[PDB]
Amino acid sequence: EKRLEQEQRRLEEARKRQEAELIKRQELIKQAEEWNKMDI
Amino acid sequence: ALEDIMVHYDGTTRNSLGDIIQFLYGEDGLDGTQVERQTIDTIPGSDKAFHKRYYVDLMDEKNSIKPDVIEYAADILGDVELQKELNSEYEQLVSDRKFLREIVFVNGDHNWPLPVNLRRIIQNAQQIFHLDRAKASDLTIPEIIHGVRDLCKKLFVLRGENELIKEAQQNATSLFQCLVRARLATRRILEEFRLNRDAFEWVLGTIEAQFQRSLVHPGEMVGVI
Amino acid sequence: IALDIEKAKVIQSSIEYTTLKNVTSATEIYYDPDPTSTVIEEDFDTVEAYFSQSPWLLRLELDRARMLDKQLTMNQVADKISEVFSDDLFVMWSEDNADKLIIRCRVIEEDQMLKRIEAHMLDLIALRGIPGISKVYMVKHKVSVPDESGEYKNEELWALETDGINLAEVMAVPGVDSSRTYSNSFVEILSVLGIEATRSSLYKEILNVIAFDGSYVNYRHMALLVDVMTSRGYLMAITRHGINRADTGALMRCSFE
Amino acid sequence: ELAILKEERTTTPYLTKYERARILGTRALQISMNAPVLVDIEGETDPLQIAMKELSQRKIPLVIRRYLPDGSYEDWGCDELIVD
Amino acid sequence: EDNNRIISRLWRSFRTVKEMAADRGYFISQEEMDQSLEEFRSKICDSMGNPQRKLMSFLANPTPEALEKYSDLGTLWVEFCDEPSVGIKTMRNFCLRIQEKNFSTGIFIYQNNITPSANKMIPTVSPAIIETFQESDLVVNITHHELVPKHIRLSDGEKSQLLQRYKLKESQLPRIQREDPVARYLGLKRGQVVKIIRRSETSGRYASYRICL
DNA sequence: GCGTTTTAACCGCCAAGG
DNA sequence: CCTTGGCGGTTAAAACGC
């Protein structure tokens, strides 16, 4: 059970990191879409 | 084309310009005359056979070490720290099986030339120490585990405390360590070979010495060979 | 696809190079001044049914047997000709139910020009398949794969072996395991997959040559040889043009050749 | 500068077969040229045999200098190299 | 029909480019990595199904791990070119776009071929780096081949540690060409070292090093 | 004299033969 | 393998419309 708890903690940490990186990524996606619209 | 290539004192294989051809001769640093066809025992067989051969359970009585082969069979069942050690050994064995079966030898071939013949060493020990008879061994499980674990760290191909040197040294003996751990498992030692203590230290010392003797000698003109 | 013969045959047909010359049985040139009719009575029915520029008629008869064998369509051949020649040639093709599969063409002193165009047509009209792959064979391979119980059991699978090499194009064909396509010409392997793949392929070829007659040579020797041949980033041939083009001493180099 | 300190010597601690052969040859030649012998000779007369007897007892007064590819070297005494 | 196969090949090239950008250290969202073919047709293909290469251009920034390990990793701009043949004008305007938006690295994927004049102005785009790939050779990801081991670019500190450990000079390492397909996949610049961990039948695992040219 | 275009010398790339 | 001659081509510049 101790091992399972540690595994769950690490999984939650990884999930938080992925969420933060996705939040950062969406800004770049928006900028790219705006610039591609500008080129058109 | 290959005349000016020679094994140097740091293990690398270089030409006359000093350019590196290989970072370790033969990728293991061994001599061509000091290898023999051996079978790695963790590769073949079904999962059930592997589990039956290598797993040791100290909680279930009928899935434990037989009591007639060990003197201390009374105070073994129910121990949890020794079970932790056995579980670590079995996890190492499973990792070795996965590494050999999924990366190195995908087609499952298990007969490969490797240094120091282990079968010959074991039967020499059995003949030397008269390991016949139904006598019970006095070799405790922690001694087996720690002895094999320490042996797998004294197979020096490269000397030095550098971190990159340590990584190369660990890489150079992966297959051989897999072989050694496949042969010198706890269940196999206690049941199949029935070694006692003195035979066990003799086997460990002999393995280490023969491995040291099987390395390549600096100054080999391996290109011409 | 590996375990199904029908899909494997489909892939084999899709890969093999096939040109118009492969299926063409004979070619002919006729004089016919009426674009809306013809002089030949045999082809008169088909052309009149179709109808319901230069007078020089260029026709050619396709072998029905091989045309069927290559699984081709007269419409496909006509479309290929139209694509390669745009609208410079008016093309009519007989139906599949005709006694002889024929296709007619017309240009929209030209006899020599027509002959040259016919030669070009027989030359470089590509119907389908990867260029450079002359022949393809179906081969059964025995592979040992762990079972659901961990036991190793033999297994038979279908694979293709070709004549001629085009690694980059064949690797891109859908239905092909692009992560395992292999070639016996390591120059192309170097041009496609890099230098480490070239090292592995070179070792495999050398071992194949040595071990054919049952002989055995230790691994480290061939490893040293193929590490020498590929240590400069490119294939260094074992000749004077490979060895003598190094930075080694002049006295050492002059002793060879 | 080029010499490597005794504490940081990283070459093998064993006498390679080439080093053994060269050491035996040099010692045999020196004995044949009336060099002092550092071991007691029972009844031996062959210089090579005397050299082998000296080597077995770690009494050869020679030093091996192992040249690394970059030009640096390690000095090992024949009395501290392990011989099989 | 042929439109379907063209779209499929374009989708495969897009997936390969995204994988390459991920390998070089930049961050690509997991949802974008698994962006399937039907979604690609929905987003790119028009009413007649024709694709626009201009809608596939994207941007990426290095992950914190890659940024920490490699301090020279900037922003990456990947653009597909509509023109089947690229000339001096198109390369010049791409260079202008890179310079005005101060991108560290720009990848320019063309369709058929690139004129030599356009090749001439690639080295003069400093300090930004412009790398060009053809569409045909990106359909298959070569680094997923069986024969191709894993190449990892070494940082400057690791390269220094390597040269000190072996007491080497840069000319004494095994070499890898700059036009080598894996070298172009990793965007190797002259003087950089890749570590290759390789299967070995004598020791299991063997790590080799090569230096670019 | 601004927007545009043609031939032009010029340029490099490539195939063939010694 | 190398030189050789030639091929092709793009891009530029002189010239045009207008």
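Per the PDB record, the structure was determined using cryo-EM to 3.1 Å resolution.

Under the PDB entry, chain E has the name DNA-directed RNA polymerases I, II, and III subunit RPABC1 and belongs to Komagataella phaffii. Under its PDB header, the title given for this structure is "RNA polymerase II elongation complex containing Spt4/5, Elf1, Spt6, Spn1 and Paf1C". Quoted verbatim from the Sequence similarities (unreviewed entry) field of UniProt, the annotation for chain E is "Belongs to the archaeal Rpo5/eukaryotic RPB5 RNA polymerase subunit family."

The name recorded for chain B in the PDB entry is DNA-directed RNA polymerase subunit, from Komagataella phaffii.

A. Main features of the interface of chain E and chain C. In this complex, chain E contributes 26 residues to the contact, which on the side of chain C involves 27 residues. Roughly 2100 Å² is buried in total at the junction of chain E and chain C, and carbon and sulfur atoms are behind 53% of that figure. Residues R180(C) and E146(E) are paired through a salt bridge, measuring 3.7 Å at the closest nitrogen-oxygen approach. At the surface where chain E touches chain C, the tally comes to 9 residue pairs in polar contact. Mapped by element, the contributors of at least two residues to the side of chain E that touches chain C are α1 (2-23), β8 (175-176), α8 (181-186), β9 (193-200) and β10 (204-212) of chain E. Residues belonging to the side of chain E that touches chain C are distributed by class as follows: 12 nonpolar, 6 polar and 8 charged.

B. Seen up close, the side chain of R106(C). All names here are of chain C. Positionally, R106 belongs in strand β5 (residues 101-107). Buried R106, no salt bridge; nearest opposite-charge side chain is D32, N-O distance 4.5 Å. A distance of 2.3 Å separates a polar atom in the side chain of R106 from the backbone oxygen of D32. Every residue in contact with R106, bar those within four places of it in the chain, is listed here: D32, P33, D34, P35, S54, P55, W56, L57, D88, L89 and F90.

C. Inspection of the sheet that holds strand β6 (residues 129-134) of chain E at higher detail. One open sheet holds the 4 strands; their spatial order is β1-β2-β4-β6 (chain E), and the pairing between them is mixed. Looking at strand neighbours, the two that pair on one side only are β1 (58-60) and β6 of chain E, the edges of this open sheet. Between one strand and the next, the sheet's axes are offset by a mean angle of 20°, whatever the strand orientation. The pairing of β1(E) with strand β2 (residues 76-80) of chain E spans 3 bridges and is classified as antiparallel. Looking across to β2(E), one finds that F58(E) is bridged to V78(E). The strands that helix α1 (residues 2-39) of chain A touches are β1 and β2 of chain E; relative to β1(E), the one it contacts most, it runs at about 150°. Docked against the sheet, helix α5 (residues 88-100) of chain E engages β2, β4 (105-110) and β6 of chain E, running at close to 150° with respect to β4(E).

D. Fine view of the side chain of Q177(B). Residues and elements named next belong to chain B. Looking at the element boundaries, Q177 is found in helix α6 (residues 174-183). Here the side chain of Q177 touches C152 through a polar contact of 3.0 Å, landing on its backbone oxygen. Not counting chain neighbours up to four residues away, the residues in contact with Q177 comprise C152, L155 and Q170.

Conventions adopted
Keep in mind that residues are numbered from 1 along each chain as the sequence reads, not by the entry's scheme, and that residues without coordinates are left out. Chains and ligands are labelled sequentially in the order written, the chains with letters from A and the ligands with numbers from 1. What appears here is a fragment of a larger assembly, so each number quoted concerns just the fragment shown. Where side-chain values are given, they derive from all heavy atoms of the structure, hydrogens and water being excluded. UniProt positions are given in the numbering used here, feature names are shortened, and annotations may be inferred rather than shown by experiment. We call two residues contacting when some pair of their heavy atoms lies within 4.5 Å. Summed over both partners, the accessible area lost on bringing two parts together, with a 1.4 Å probe, is the buried area. Between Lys or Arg on one side and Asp or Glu on the other, a salt bridge is scored when a side-chain nitrogen of the former is within 4 Å of a carboxyl oxygen of the latter. Counted as a polar contact is a pair of N or O atoms within 3.5 Å, where, for protein atoms, one must be capable of donating a hydrogen and the other of accepting one, and residues adjacent in sequence contribute only when both atoms are in side chains. The numbering of helices and of strands both runs from the N terminus, where a helix is a DSSP run of H or I of at least 4 residues and a strand a run of E of at least 2. Put simply, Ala, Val, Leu, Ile, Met, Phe, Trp, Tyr, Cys and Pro go in the nonpolar bin, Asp, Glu, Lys and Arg in the charged bin, and everything else, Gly too, in the polar bin. Burial status follows relative accessibility: with a 1.4 Å probe on protein chains alone, a residue under 20% of its type maximum counts as buried, one over 50% as exposed, and anything between as partly exposed. A positive count includes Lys and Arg, and a negative count includes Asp and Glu. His and the chain ends are not counted in either. Here, a strand pair is defined by DSSP locating no fewer than two bridges between the strands. Here, axes are lines fitted to C-alpha atoms. For helices the fit covers the stretch in contact, and angles between N-to-C directions go from 0 to 180 degrees.

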